[PDB]
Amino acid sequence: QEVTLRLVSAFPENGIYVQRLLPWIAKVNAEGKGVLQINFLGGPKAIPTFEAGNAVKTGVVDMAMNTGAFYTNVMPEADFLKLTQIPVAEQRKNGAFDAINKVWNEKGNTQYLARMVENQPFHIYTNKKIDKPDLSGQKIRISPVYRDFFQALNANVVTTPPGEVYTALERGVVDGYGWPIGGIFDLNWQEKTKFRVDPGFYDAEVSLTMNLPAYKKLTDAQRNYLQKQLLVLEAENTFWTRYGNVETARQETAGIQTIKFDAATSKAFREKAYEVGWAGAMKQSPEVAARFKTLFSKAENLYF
């Protein structure tokens, strides 16, 4: 009557996401004896980064900490969560969360459990200075998050998992990379980064997901306990605020220079990101993308 769920991380273990994950797992275990436990199996060494989505779908493992950008091979819609412009607490209340889960269930045999990273905008990082919002001539590491936007900026893109980024930079295979504001020091990337472009765009999605049959097999007691603890994890998303501010300062102190544009240019830059971001989602999955777009913003925010 105690269930043990096996969880893998699609992100490197020395990263902030795993560092946030591990204490939460420890709490789940300490407070769930006789009910529910989580066995953390480790990171990309356990199941490759881009295959963790498939492992969850087919029940090779029960759970993952992952971003939908890493499992577009399960469903193209997986990458759409970068486009949320309300936090997950508000998603649970306005229909966005439910809609995400229903798509995850139907298209990926996966239950969408919780979002444990938000308020972490993405940025371009590079070693080649720019004064315009154009990446012409630059070779930029990406995942699906940045593909549509970086190509619109005329970048030559190359896909790698997070674990390969340092190597690509050291060997000069790329001039830069996409990543959130936070976390570039974890794998020592600051050593090979000279600039961050502002402003940020989209919002990093890192979430817990679960094999759907496994989820349905939980008893009410186990599910309710899991749910209680998932809400605890999300409640700590206020952390991402300080983290973004601190990481921003850390970059300045380590000699990384911020590239800035004027108000009009910055505004257009972000609008372009979302404009091409949504166009891409609409091309891949028109019905779902339209449903999400409606629920991913609040009216009173639209103008601002």
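Each residue number is its position in the shown sequence, starting from 1.
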Should the higher mean CA B-factor in the entry be assigned to 46-54 or to 262-270? 262-270
Once you work out the mean C-alpha B-factor for both 32-40 and 251-259 from the entry, which is higher? 251-259
Highest CA B factor of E205, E106, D134, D186, as deposited, is found at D134
Say you rank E170, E234, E90, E118 by Cα B-factor from the PDB entry; which sits at the top? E170
C-alpha B factor of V61, ranked within the chain: lowest, middle or highest third? lowest
Using the temperature factors of the C-alpha atoms in this entry, rank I25 within its chain: lowest, middle or highest third. lowest
Test of reading the entry: by CA B factor among the chain's modelled residues, which third contains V3? middle
Where does the C-alpha B-factor of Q284 rank in its chain, lowest, middle or highest third? highest
So, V174's CA B-factor, relative to its chain, sits in which third? The highest
